[PDB]
Each structure stands twice: as C-alpha cells, then as structure tokens.
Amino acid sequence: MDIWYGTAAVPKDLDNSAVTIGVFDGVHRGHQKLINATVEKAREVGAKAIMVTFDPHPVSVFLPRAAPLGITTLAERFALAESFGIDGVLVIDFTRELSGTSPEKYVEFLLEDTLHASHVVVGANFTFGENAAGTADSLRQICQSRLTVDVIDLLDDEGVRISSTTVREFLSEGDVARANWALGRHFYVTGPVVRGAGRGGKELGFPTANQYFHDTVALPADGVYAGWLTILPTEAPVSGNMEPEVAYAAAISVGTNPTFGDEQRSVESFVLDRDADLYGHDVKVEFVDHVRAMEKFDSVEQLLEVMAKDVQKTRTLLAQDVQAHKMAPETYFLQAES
C-alpha cells in the first residue's frame, strides 16, 4: 500500500481509481462499509482503491488542544486501511491545501486532476470545501456524468449509531466491550515496553510490562481490564517464558499519572501464569472487558488479594472471548487455572 502526504506527492501517471474520503479514525464498522464498497468497485474496473484521509484532525485546525482523542494513531489507520485492501492512502493536511477551495474546485482538483477517479464513496455525513458548504448532495450534483457517487448511510445497529464519537464515549466510560462491538475488533494500543517497578518475573505484583502513551491517545477509563498482550515479531531476546506473536492472557491497569501535562496515561499489564520482563520490546495490548475501577491499597496483603481476584475474573472473561472467535486472536495462551 502506498502512502502519500499531500496531493503533490501523488504519481502524475496514476490513471484510474475508486476513492473514499473521511477522517476514518478508528476504522470502525461504519468505516468498513465505505472501504468495502470502494475495494469492490476498484476490483470491478481494475482500478486502485484509494483512501483520502486527514492529518491533523480537521477539528484541530480550528481548535488546537480541543481536538478529538485519536482512537488509533495515524500509523494504525494505515495498517487497518491496508488490512481491508486499500491500495493507496492520500493524507491531506488542511493547513497546507484543500481548505479554502470551493466544492467545485475540490472535486476538480482532488478527485479528477490528482486522483483520476471514476468512482467516489462517502458517508451521508460527508462535507467538503470552504466552510463545509459541500454535502453528499453537492458531491452527487457536481460529479454528474464525470464520475459515479455512492453515498452510504451511517451505520445503526442495536439502537446505536456507530461513529468515532460513540466509540470514544464507550472507551471514555470504560465500556471496551461495546467499543469492540462497534469497532468490529478488540480495541488495542501498541508501543515500546519501558522499565517500571521491578523486575517482571516471579513477583506477582511487578508488571510484566509498562507502557506510556501521550494524552492525544484514546484509552479506556482508568481501571483494570481483561485483555491480550502480544509481543510483536522480533529477533531480540525475550526475558522469560513468553514467545513473540502469541496473544497472552493479561489483566491490564490503565492509569493517569500527571501532576504533569501532557496528561500521560500508563498501561501496566500483568500477564497470567508467565514470568517475563518485556523491556525494549514492542507490545500490542488488546482490551476485551472491564474488570473493576481503580482503587488505593493500604497493605501489600490487600493489594495482592485484589490482584488475585482480577486474575480470576480475567480468566473467566477471556475464556468467553475465545468462543467469540471473530474477535479472538489466532494464537493465544490462556491457562484454565493457576
């Protein structure tokens, strides 16, 4: 999959494409409709399936700091776009171009001149051009006889509108199950593992892995979650008895340190039945279900007791998750008990 930053970077010799346009934050089940429709049509006519997306978030152009939290990083957006069969991602920066352009010149410049589009696919909520004047309707009118438009209704399922907004609200509430339901996969973050307390190994209280994330990263509410931890492919040695590319049952504590801001979130994972230290490795953490809210501990005894209940509850939740195997990892490690 190609990745182009700005119209100027798109190959001039590009001859034909089917194009979809959106922020696509989270690439949720609604987003997958647009992508699927686009990949289908590109296949039919032997064109390339192109996603036009936006970075920075279009909102943050007008309101820096008051931008929506990113359900996925841009990099993960790319990987997800690829995994659903996008051939090329064009990334538009509204501080560079396509901001003040009229709806007409937008179609002319982006869809025709830049992309050589024969088909365009948008959601019914799509807008474009200066002061968001252009709508799904405009696009259909301007594109008459020039290229075909397919406008897809927003996805409603089980009484919930599936959008980036709702996914963010679910995550913020700590309801990763409903977020996963809307995403069509386990919500996850990826990142390098750093040093924490310990000495991950024999000690049940020291995390198997510690990660930190900037405050633009959407993460579930502080608390403990059941999930899966996967060491990403690597040749580097692994301290302990965990193997790369296997999803390991884990109780996950999401926290907020600050006093400082960057209001930095931590993610601390206690991997069930394994003694490992993951420092320096790149690790994926998938969230499956909420287990409990955060609480303060006043003795090691109380703390470890609670830690043990987390593990028990996690084992239960994950044993269930494996049965919903469209969500579950291909290769996993979960012991029936301790």
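The first residue of the shown sequence is 1; numbering continues from there.
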query	finding
Stretch with the higher entry mean CA B-factor, where the candidates are 95 to 103 and 179 to 187	95 to 103
Mean C-alpha B-factor comparison - 75 to 83 and 148 to 156, higher one	148 to 156
Out of 135, 239, 114, 211, residue topping the C-alpha B-factor column of the entry	135
Top Cα B factor in the deposited entry, candidates 287, 279, 62, 270	62
Residue 222 CA temperature factor, ranked by third within the chain	lowest
Within-chain third of residue 139 by Cα B-factor, per the entry	highest
Chain third (lowest, middle, highest) by recorded CA B-factor, residue given as residue 228	lowest
Position of residue 310 among the chain's modelled residues by C-alpha B-factor, lowest, middle or highest third	lowest
Residue 291 - which third its CA temperature factor falls in, relative to the rest of the chain	lowest
